[PDB]
Amino acid sequence: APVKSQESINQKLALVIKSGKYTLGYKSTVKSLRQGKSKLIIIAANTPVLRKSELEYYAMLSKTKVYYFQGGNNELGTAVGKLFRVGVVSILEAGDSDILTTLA
């Protein structure tokens, strides 16, 4: 619902995911964050303190920005395939648009 126009992060991130490199769902992000290889994580859930903080810890172990898209709707599933129905994503080689040096 793009009245919360922060939501256009989805639009720019799908524009990226068209050819820039990503990972999807807790284990898949946690994997490639522990590979150090991200520059941005999306967490589209109203995420509890210990689970946000572990993602945030991997964002800090890697060199990665954190974006809490925490509106329960998680419209981010438009960029990545809504089947997860919470939107935890991370972006690595964004070789398309600037997104993770614009959010920096």
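Count begins at 1; order follows the chain as displayed.
In case you wondered, yes, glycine gets a Cβ from its N, Cα and C as well.
Cross-referencing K27, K37, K52 with Swiss-Prot, the residue annotated as ubiquitin cross-link turns out to be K52.
Cross-referencing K39, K82 with Swiss-Prot, the residue annotated as ubiquitin cross-link turns out to be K82.
Just one residue in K12, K21 has ubiquitin cross-link written against it in Swiss-Prot, and it is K21. Its Cβ taken as reference, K21 (ubiquitin cross-link) is surrounded by 16 other Cβ atoms within 10 Å in the chains shown.
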